[PDB]
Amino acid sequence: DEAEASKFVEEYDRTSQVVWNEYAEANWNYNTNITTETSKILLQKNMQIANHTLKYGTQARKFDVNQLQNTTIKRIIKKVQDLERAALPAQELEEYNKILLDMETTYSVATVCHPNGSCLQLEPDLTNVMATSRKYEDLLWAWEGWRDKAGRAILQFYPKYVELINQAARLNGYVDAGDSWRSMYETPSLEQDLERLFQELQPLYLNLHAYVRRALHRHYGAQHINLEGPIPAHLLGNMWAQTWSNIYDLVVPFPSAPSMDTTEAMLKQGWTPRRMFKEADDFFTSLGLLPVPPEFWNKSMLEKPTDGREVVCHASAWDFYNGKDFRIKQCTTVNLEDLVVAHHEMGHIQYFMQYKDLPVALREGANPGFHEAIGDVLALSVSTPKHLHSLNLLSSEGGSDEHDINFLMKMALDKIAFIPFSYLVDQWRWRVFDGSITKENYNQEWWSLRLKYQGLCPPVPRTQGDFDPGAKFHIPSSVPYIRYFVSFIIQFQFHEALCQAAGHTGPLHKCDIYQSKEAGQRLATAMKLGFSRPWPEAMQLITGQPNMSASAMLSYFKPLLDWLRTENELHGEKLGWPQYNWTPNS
């Protein structure tokens, strides 16, 4: 009955706090200090948490969920019935945990070396090469080398990973791991909804793609860019060509309206990783949102250790299920890109702090996209020329329609280009998980989607043994990706809603919500719900309506769409890549 059910969830919450806190501690210790010992302690703590998950999950399944009145209780129990990997038999669970460890370790310690020269790590060395080199061959060296070293090394693990994650999913009542991941949205129409949103961003993406392609043609040469074909994947300023704003210098709409070198500005003005996170902290509190506790400053890892010791650099935000202990682990570089990343990560921290008083079972985003969006929303305001000038990182850019188009381009290179990338990652993984793509076809099907959605081609033909997906963090780390597609759509809906609540008029892209208590209150009420209600309720609290919608993002970028159509038309661009079979000749 009802009494036994609420007693069970009370017990689950107390015991889970302790066990998850211990697990998080050991996971943190490994991530911030990769050694045999920390690896050993982590794999053992995996047994402890799996023990706990099994005890409570087993009990939870004995409840017939739909004989239960209270919906919150009903919700916690159905959630605890999913054992995740702890559903696996002992032998397989051991193997699965080791596979995950080996994949994440392989990715985070991989280096690319010059023969009898220096070896480069992904962060910051290879990231910098991809961002700043303008030499075709040097970009290719980094692009291919990273795949050769990280991607190829992951392949040995992946088929067994897929087998075991699917097995766990079936043991929890799903048909495969991709089914399990999609269920996080509790939205039957999810796939159709995402396809519709993607299609809505097509006019903008194709126009951006055509314009950038033309600019690359100008720089890298006619013999290396097909004006009617896909773009070589190593030329977009980013290892995965997922965000393109590092090639802003190659594509600036009005070079007569230069922008201040923001990296130079931050360096000269003595900016440090600590200052970057303090600025993000200030933006959150300016909205009437929560400051990070003193403990955050004590315990976080805000730059790469110089100890020589090895870490997982890929940025992350950590809840220790204390209601007290929250940490970021980021190998912060002093530049504008990492200032934005800091805001992204501080977004997750804010969410942790807002829902800290809920049962741990409900300590999640309304959906995973909500958790990813919070930090990015504030970052949209931080990124405005007006705000950056206030931080002394840009000079006065206001008024000028030239600076205005330039700013919109700078934003589109990231926000619009990322749409097809974020969409395709889990299109690939869902089909791996459902058995549509086998290990024979992993890489070929990845490039088929790279072509279909982003209109990119690999600069060097792929060969047997390549596994380019393994060269992207989220693949060996088994972190779902569709959350980021959702985030990019909804963060603009949030921006639009918060801006109108803040009383801002005129073009959406001119909005800066700094210090708006009205905007802060909307975000806080939504975040406080955690995972306690269907996500459309949190959507409603922020935006006044319950749907995901591209209209806000389209509205933000409307002036750029008009500019790009006019520009592309006057140059006679053919939108898309009708010569889709094109690959580099040399």
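From 1 onward, residues are counted along the sequence shown.
- Across the other entries compared, none leave residue 138 without coordinates where the residues on each side are present, so it is far from a third.
- Looking at the other PDB entries for this protein, residue 192 is present in the model in all of those that include the residues around it, rather than absent from a third.
- As recorded in the PDB entry, 79-87 is the stretch of 79-87 and 376-384 with the greater mean C-alpha temperature factor.
- Relative to one another, 341-349 and 91-99 have unequal mean CA B-factors, and 91-99 is the one with the higher figure.
- Highest CA B-factor among 403, 134, 170, 474, as stated in the entry: 403.
- By the numbers in the PDB entry, the CA B factor is greatest at 308 among 308, 470, 203, 188.
- In this PDB entry, the Cα temperature factor of residue 479 sits in the bottom third of its chain's modelled residues, the lowest group.
- In the PDB entry, residue 487 places in the lowest third of its chain by CA B-factor.
- Placement of the Cα temperature factor of residue 259 within the chain: highest third of the modelled residues, per the deposited record.
- Ranked within its chain, residue 160 lands in the middle third, by CA B factor from the PDB record.
- Per-chain ranking of the deposited C-alpha B factor places residue 288 in the middle third.
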